[PDB]
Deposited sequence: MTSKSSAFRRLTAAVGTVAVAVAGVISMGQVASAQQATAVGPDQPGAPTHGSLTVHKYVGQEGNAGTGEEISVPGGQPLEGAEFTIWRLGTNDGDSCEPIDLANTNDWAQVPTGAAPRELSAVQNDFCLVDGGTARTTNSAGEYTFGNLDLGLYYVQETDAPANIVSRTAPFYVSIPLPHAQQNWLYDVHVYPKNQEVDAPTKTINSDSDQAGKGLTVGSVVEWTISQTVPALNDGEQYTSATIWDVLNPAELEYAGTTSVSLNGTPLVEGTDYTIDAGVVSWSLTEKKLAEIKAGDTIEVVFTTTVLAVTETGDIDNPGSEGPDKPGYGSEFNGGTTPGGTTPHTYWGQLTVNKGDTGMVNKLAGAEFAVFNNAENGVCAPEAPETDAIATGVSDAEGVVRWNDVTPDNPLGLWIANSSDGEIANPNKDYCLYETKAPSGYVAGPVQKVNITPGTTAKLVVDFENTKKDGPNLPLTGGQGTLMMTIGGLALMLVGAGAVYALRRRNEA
């Protein structure tokens, strides 16, 4: 098969190479097996030092028989200082970066001993390969000697978190007026780590736009269904909502441990578009949510939405020629396929209001007075095209000398520009 001879035999090369193939996701052997599997990785920086022996640092020459006594037997130390005790460094290191195929070849390497460590990687990467020794040539059982060595290091990434919102059903009890809250669930799969490393820093952040949302309170952070502890999984830092763990839970999680954080955000106002989203963020720079394990960050994947619209009501007599004061209104969530009850059910209303001097219904317990911001729909499965929810508007108290008008169902569309203006008029006699 492809074969070679010893580094001191006739017909032997003078130099060699080391081709790195970086993938995400086979003890060794040295040769190139052209069966990848999938998922290359670019941006991986590998610095390689040639090793000598202790006056001055005389490089190891693997063409000399005596220098093979220096070749190490076990794994390589994880720090450059530890290898500097046994060996000495000839060069100051040569750092190069993998390509789109996740590959780089260190060519024209003299027959000696080399120390390689992955000195940089993309921010998506949390755990890099362990530092390793390479000998040019490499003893091989099929090709006798191997001068063009191929290494397949291991690189571990952090998966993108997923964020869902509470549903429309669940929204009823949680609140329906502007100023209520919603619940999001940040589900994150724990990333794998390379052998020997322990989890150092675990953080999930969620930067909030101060014009739309405001942190109210975390309700749960569970671990594969098992929830949280008070001071074990630290869950504060309200400003720029973040969640930094502590060593106990860090020494507890395994690869594949799903963790789900649930927190509450106060919906502040109705945006011009009415669409309030929570996308991913690559860091605490701009609004969004993301993760961090051992310094490896990632933005979120899914983007939930909560839609909110407006509604203002004008009071007048029959024909809207005179604007009337003192008429009391109430909004209920009780529509069925476009029908409303004849008059208001005696249950607790969603929002109440009264008309003022110019007959504009100023609403109570909500900011601002006019218009009125009501909930529409929540979606965790992408955007909604033309969202709308039906409410029922009732007049509870009519002005003295007027008979209140009939019930109107109201359809609410997102955005302060799409506000629904209702002219609620009353017959006189």
query: Missing segments of the deposited chain sequence, listed N- to C-terminal; finding: 1-35, 61-63, 93-94, 470-509
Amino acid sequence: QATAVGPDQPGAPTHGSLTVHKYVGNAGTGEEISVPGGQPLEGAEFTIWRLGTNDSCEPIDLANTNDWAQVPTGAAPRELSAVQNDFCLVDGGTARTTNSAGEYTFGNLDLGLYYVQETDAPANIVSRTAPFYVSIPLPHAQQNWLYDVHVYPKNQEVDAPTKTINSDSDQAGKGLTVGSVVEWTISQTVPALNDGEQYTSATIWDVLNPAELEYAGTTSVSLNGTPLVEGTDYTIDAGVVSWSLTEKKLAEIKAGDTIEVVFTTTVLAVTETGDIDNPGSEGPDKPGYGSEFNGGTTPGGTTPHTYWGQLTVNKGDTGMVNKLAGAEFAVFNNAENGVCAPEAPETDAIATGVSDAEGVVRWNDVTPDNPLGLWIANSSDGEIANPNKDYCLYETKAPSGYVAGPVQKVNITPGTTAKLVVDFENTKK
From here on, numbers count along this sequence of modelled residues.
query	finding
Of 75-83 and 346-354, the one with larger mean CA B-factor	346-354
Greater mean Cα temperature factor according to the PDB record, 62-70 or 367-375	367-375
Peak C-alpha temperature factor (PDB record), options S169, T312, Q143, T129	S169
Per the PDB entry, maximal CA B factor within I186, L208, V181, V270	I186
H150 - which third its CA temperature factor falls in, relative to the rest of the chain	lowest
Cα B factor band for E42 (lowest, middle or highest third within the chain)	lowest
B-factor third for the C-alpha atom of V407 within its chain	highest
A121 by Cα B-factor - lowest, middle or highest third of the modelled chain	lowest
Cα B factor band for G28 (lowest, middle or highest third within the chain)	highest
